[PDB]
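Engineer: Take a look at the following structure, please.
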Amino acid sequence: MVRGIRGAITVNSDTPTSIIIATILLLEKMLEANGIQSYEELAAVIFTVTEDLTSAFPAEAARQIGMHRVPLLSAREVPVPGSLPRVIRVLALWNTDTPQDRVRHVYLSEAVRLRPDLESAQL
Amino acid sequence: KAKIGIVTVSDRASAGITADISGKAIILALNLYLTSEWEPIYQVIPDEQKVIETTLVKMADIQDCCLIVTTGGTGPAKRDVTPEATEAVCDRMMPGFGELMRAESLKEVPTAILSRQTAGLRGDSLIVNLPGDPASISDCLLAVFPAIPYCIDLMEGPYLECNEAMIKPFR
């Protein structure tokens with residue numbers, strides 16, 4: 001019994017600091033929004049940077065908030081033309097019985113454009 | 001033991017409606033950058049000009065922190081009074097801080113010329129404005145912080161030790 005939590009955030013320059021600050025901000029907001037008390041509830045956490053963010057790891061930021069307990073992994077989300085640039089996306093996996101429609105997703109900064117519209121196309 | 005003031009300016013966060021976030025980012029960037037012992041003095045206050053004047057003055061003289069940072073209240077909405085409160089409490093203006101940050105958030109967002117950020121000195125203390133967006137707080141803090149340890153040293157303030165990995169100070 002697991003739920004997924006999507007996250008997203010943008011930076012304004014590809015520097016180690018701005019990546020780490022944006023990662024911690026998004027991570028800590030995602031936990032607070034869902035009421036995550038401890039890291040023991042997380043099974044694992046996954047990150048995606050774009051092609052243009054390279055100078056530092058999302059893991060290095062996640063380790064400076066005590067998530068050595070948490071399994072981490074990162075890669076590069078598809079380099080799609082015209083997509084929102086310099087965006088870090090998070091999928092944290094959460095051992096919980098919470099309903100799917102309850103989980104708070106956290107889209108921050110300029111990445112709120114990626115917030116799923118409730119009625120978009122729906123073919 | 002050096003000291004730094006962080007001030008969040010927003011009626012939303014001061015009333016407890018929303019998490020400050022913007023000030024949390026300033027503290028995070030300052031836990032980076034700085035290798036030396038440092039203590040943060042941090043309050044969240046509303047868009048009241050006299051209330052901003054007090055927290056700055058209390059931090060600059062009574063707390064005597066060498067560097068004070070503000071966030072919010074720098075735009076063109078009549079609410080925003082953060083720059084005006086800085087010009088009353090400072091003897092002198094450091095115009096290079098606002099001019100640089102306005103151009104370095106500009107090559108990323110063009111609606112950054114709509115900012116009224118500024119910076120000044122209250123005797124021995126250096127006060128700098130930042131906006132509300134955290135993503136441009138790192139971009140603005142990164143752009144002016146190299147000169148700050150040298151500036152604080154010029155005012156005989158505490159020596160700021162910088163991290164070669166996270167930032168690059170010039171002396």
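Residue numbering restarts at 1 for every chain of the structure tokens, chains are lettered A, B, ... in their displayed order, and ligands are numbered from 1 as they appear.
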Show me a table, sorted first by chain and then by increasing residue number, of the residues of chain B having an atom at most 8 Å from chain A, each with its shortest atom pair and the distance in Å to one decimal, counting only C-alpha atoms and written as JSON lines.

Structural biologist:
```
{"residue": "B:21", "atom": "CA", "partner": "A:25", "partner_atom": "CA", "distance": 7.5}
{"residue": "B:25", "atom": "CA", "partner": "A:21", "partner_atom": "CA", "distance": 6.4}
{"residue": "B:28", "atom": "CA", "partner": "A:21", "partner_atom": "CA", "distance": 6.4}
{"residue": "B:29", "atom": "CA", "partner": "A:21", "partner_atom": "CA", "distance": 6.8}
{"residue": "B:32", "atom": "CA", "partner": "A:17", "partner_atom": "CA", "distance": 7.4}
{"residue": "B:105", "atom": "CA", "partner": "A:12", "partner_atom": "CA", "distance": 7.8}
{"residue": "B:108", "atom": "CA", "partner": "A:12", "partner_atom": "CA", "distance": 6.5}
{"residue": "B:133", "atom": "CA", "partner": "A:109", "partner_atom": "CA", "distance": 7.3}
{"residue": "B:134", "atom": "CA", "partner": "A:109", "partner_atom": "CA", "distance": 7.6}
{"residue": "B:135", "atom": "CA", "partner": "A:11", "partner_atom": "CA", "distance": 5.2}
{"residue": "B:136", "atom": "CA", "partner": "A:12", "partner_atom": "CA", "distance": 6.2}
{"residue": "B:138", "atom": "CA", "partner": "A:18", "partner_atom": "CA", "distance": 5.5}
{"residue": "B:139", "atom": "CA", "partner": "A:12", "partner_atom": "CA", "distance": 6.3}
{"residue": "B:166", "atom": "CA", "partner": "A:17", "partner_atom": "CA", "distance": 6.0}
```

Engineer: Just N, CA, C and O atoms for this one: save the residues we selected as a PDB file, in the first residue's frame.

Structural biologist:
```pdb
ATOM      1  N   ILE B  21       8.757  30.543   3.875  1.00  0.00           N
ATOM      2  CA  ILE B  21       9.422  29.951   2.716  1.00  0.00           C
ATOM      3  C   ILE B  21      10.546  30.841   2.193  1.00  0.00           C
ATOM      4  O   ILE B  21      11.698  30.403   2.103  1.00  0.00           O
ATOM      5  N   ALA B  25      14.592  30.165   2.662  1.00  0.00           N
ATOM      6  CA  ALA B  25      15.594  30.036   1.610  1.00  0.00           C
ATOM      7  C   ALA B  25      16.829  30.873   1.919  1.00  0.00           C
ATOM      8  O   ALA B  25      17.958  30.442   1.657  1.00  0.00           O
ATOM      9  N   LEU B  28      18.828  29.041   4.403  1.00  0.00           N
ATOM     10  CA  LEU B  28      19.480  27.891   3.785  1.00  0.00           C
ATOM     11  C   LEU B  28      20.717  28.320   3.008  1.00  0.00           C
ATOM     12  O   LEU B  28      21.788  27.720   3.149  1.00  0.00           O
ATOM     13  N   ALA B  29      20.594  29.370   2.193  1.00  0.00           N
ATOM     14  CA  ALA B  29      21.756  29.867   1.465  1.00  0.00           C
ATOM     15  C   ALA B  29      22.860  30.309   2.417  1.00  0.00           C
ATOM     16  O   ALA B  29      24.046  30.157   2.105  1.00  0.00           O
ATOM     17  N   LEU B  32      24.765  27.408   3.773  1.00  0.00           N
ATOM     18  CA  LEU B  32      25.818  27.312   2.765  1.00  0.00           C
ATOM     19  C   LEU B  32      26.664  28.577   2.829  1.00  0.00           C
ATOM     20  O   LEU B  32      26.634  29.281   3.842  1.00  0.00           O
ATOM     21  N   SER B 105      18.442  39.251 -12.271  1.00  0.00           N
ATOM     22  CA  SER B 105      17.133  38.626 -12.386  1.00  0.00           C
ATOM     23  C   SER B 105      16.435  38.993 -13.688  1.00  0.00           C
ATOM     24  O   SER B 105      15.392  38.410 -14.001  1.00  0.00           O
ATOM     25  N   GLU B 108      16.761  36.574 -16.798  1.00  0.00           N
ATOM     26  CA  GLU B 108      15.895  35.425 -16.560  1.00  0.00           C
ATOM     27  C   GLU B 108      14.418  35.790 -16.553  1.00  0.00           C
ATOM     28  O   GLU B 108      13.614  35.115 -17.200  1.00  0.00           O
ATOM     29  N   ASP B 133      10.052  35.981  -4.394  1.00  0.00           N
ATOM     30  CA  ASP B 133      10.293  34.708  -5.076  1.00  0.00           C
ATOM     31  C   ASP B 133      11.579  34.063  -4.575  1.00  0.00           C
ATOM     32  O   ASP B 133      12.650  34.677  -4.680  1.00  0.00           O
ATOM     33  N   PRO B 134      11.532  32.838  -4.039  1.00  0.00           N
ATOM     34  CA  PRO B 134      12.784  32.192  -3.611  1.00  0.00           C
ATOM     35  C   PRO B 134      13.716  31.856  -4.763  1.00  0.00           C
ATOM     36  O   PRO B 134      14.940  31.931  -4.598  1.00  0.00           O
ATOM     37  N   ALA B 135      13.174  31.488  -5.930  1.00  0.00           N
ATOM     38  CA  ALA B 135      14.022  31.103  -7.057  1.00  0.00           C
ATOM     39  C   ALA B 135      14.920  32.247  -7.508  1.00  0.00           C
ATOM     40  O   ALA B 135      16.015  32.007  -8.030  1.00  0.00           O
ATOM     41  N   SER B 136      14.478  33.489  -7.323  1.00  0.00           N
ATOM     42  CA  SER B 136      15.300  34.659  -7.596  1.00  0.00           C
ATOM     43  C   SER B 136      15.994  35.191  -6.348  1.00  0.00           C
ATOM     44  O   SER B 136      16.780  36.137  -6.449  1.00  0.00           O
ATOM     45  N   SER B 138      17.992  33.080  -4.503  1.00  0.00           N
ATOM     46  CA  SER B 138      19.303  32.479  -4.729  1.00  0.00           C
ATOM     47  C   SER B 138      20.055  33.214  -5.829  1.00  0.00           C
ATOM     48  O   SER B 138      21.274  33.396  -5.742  1.00  0.00           O
ATOM     49  N   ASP B 139      19.342  33.649  -6.869  1.00  0.00           N
ATOM     50  CA  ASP B 139      19.987  34.360  -7.967  1.00  0.00           C
ATOM     51  C   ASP B 139      20.476  35.735  -7.524  1.00  0.00           C
ATOM     52  O   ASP B 139      21.511  36.215  -8.002  1.00  0.00           O
ATOM     53  N   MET B 166      30.588  26.526  -2.508  1.00  0.00           N
ATOM     54  CA  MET B 166      29.267  27.105  -2.710  1.00  0.00           C
ATOM     55  C   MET B 166      29.303  28.532  -3.242  1.00  0.00           C
ATOM     56  O   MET B 166      28.371  28.942  -3.944  1.00  0.00           O
TER      57      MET B 166
END
```

Engineer: If you run DSSP on the backbone here, which positions in chain B get strand (DSSP E or B)? Please write them as JSON, numbers by chain.

Structural biologist: {"B": [2, 3, 4, 5, 6, 7, 8, 9, 34, 38, 39, 40, 41, 42, 43, 44, 45, 67, 68, 69, 70, 71, 92, 93, 119, 120, 121, 122, 125, 126, 127, 128, 129, 130, 162]}

Engineer: Write out as a PyMOL selection string which residues come within 7 Å of residue 119 of chain B when counting only C-alpha atoms, dropping same-chain ones fewer than 2 positions away.

Structural biologist: chain B and resi 93-95+97-98+127-129

Engineer: Go ahead and write the residues just picked, C-alpha atoms, as a PDB file, in the first residue's frame.

Structural biologist:
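Below you can see out08.pdb, which holds the result:
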```pdb
ATOM      1  CA  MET B  93      22.961  54.132   0.157  1.00  0.00           C
ATOM      2  CA  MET B  94      24.832  51.354  -1.664  1.00  0.00           C
ATOM      3  CA  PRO B  95      23.291  51.785  -5.131  1.00  0.00           C
ATOM      4  CA  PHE B  97      23.399  46.268  -4.986  1.00  0.00           C
ATOM      5  CA  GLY B  98      20.044  47.174  -6.521  1.00  0.00           C
ATOM      6  CA  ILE B 127      21.056  46.031   4.972  1.00  0.00           C
ATOM      7  CA  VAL B 128      20.014  44.516   1.634  1.00  0.00           C
ATOM      8  CA  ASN B 129      16.600  43.924   0.057  1.00  0.00           C
TER       9      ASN B 129
END
```

Engineer: Give me, as number ranges by chain, all polymer residues having an atom no more than 8 Å from residue 39 of chain B, counting only C-alpha atoms and skipping those fewer than 5 positions away in the same chain.

Structural biologist: B: 1-4

Engineer: Limited to C-alpha atoms, could you put the picked residues into a file as a short mmCIF file (atom, residue, chain, number, x, y, z; two decimals), in the first residue's frame?

Structural biologist:
```
data_model
loop_
_atom_site.label_atom_id
_atom_site.label_comp_id
_atom_site.auth_asym_id
_atom_site.auth_seq_id
_atom_site.Cartn_x
_atom_site.Cartn_y
_atom_site.Cartn_z
CA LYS B 1 30.10 34.79 17.13
CA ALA B 2 28.89 36.70 14.08
CA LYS B 3 25.20 37.48 13.63
CA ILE B 4 22.90 38.00 10.63
#
```

Engineer: Set the distance at 12 Å and use only C-alpha atoms: which residues neighbour residue 78 of chain B once local chain neighbours fewer than 4 positions away are removed? I'd like the list as a list in words.

Structural biologist: residues 47, 48, 49, 73, 74, 82, 84 and 116 of chain B

Engineer: Using C-alpha atoms, can you export the residues from the last selection as a tab-separated table (two decimals), in the first residue's frame?

Structural biologist:
```tsv
chain	number	residue	atom	x	y	z
B	47	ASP	CA	3.84	45.39	5.21
B	48	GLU	CA	3.91	48.17	7.81
B	49	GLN	CA	6.56	50.79	7.07
B	73	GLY	CA	7.53	44.49	-0.38
B	74	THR	CA	9.82	45.57	-3.23
B	82	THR	CA	10.15	47.72	2.20
B	84	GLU	CA	11.17	53.22	1.76
B	116	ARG	CA	12.37	48.74	-6.14
```

Engineer: Can you tell me which residues surround residue 5 of chain A at a distance of at most 6 Å, considering only C-alpha atoms, apart from same-chain residues fewer than 5 positions away, and format the answer as number ranges by chain?

Structural biologist: A: 91-92, 105

Engineer: Which residues are near residue 10 of chain B? Cut-off 9 Å, only C-alpha atoms, ignore same chain within fewer than 6 positions. Put them as a ChimeraX atom specification.

Structural biologist: /B:20,44-47,71-73,132

Engineer: Write to file, as a compact mmCIF listing (two decimals), in the first residue's frame, the residues of the selection just made, with C-alpha atoms.

Structural biologist:
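Written file, part.txt:
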```txt
# COMPACT_ATOMS: atom_id res chain seq x y z
CA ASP B 20 7.35 32.11 5.11
CA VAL B 44 8.41 37.81 10.11
CA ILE B 45 6.62 41.16 9.97
CA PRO B 46 3.78 42.66 7.89
CA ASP B 47 3.84 45.39 5.21
CA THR B 71 12.34 39.80 1.39
CA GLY B 72 9.12 41.08 -0.16
CA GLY B 73 7.53 44.49 -0.38
CA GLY B 132 9.48 37.41 -2.51
```

Engineer: Write out as a PyMOL selection string the set of residues from chain B that DSSP, computed on the backbone, places in alpha helix (DSSP H).

Structural biologist: chain B and resi 11-14+22-31+49-57+82-89+95-104+135-144+148-154

Engineer: So how far away is atom CA of residue 22 of chain B from atom CA of residue 39 of chain A, in Å?

Structural biologist: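 Computing the Euclidean distance for atom CA of residue 39 of chain A and atom CA of residue 22 of chain B yields 23.9 Å.
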
Engineer: Enter the distance from atom CA of residue 31 of chain B to atom CA of residue 161 of chain B, in Å, rounded to one decimal.

Structural biologist: 11.8 Å
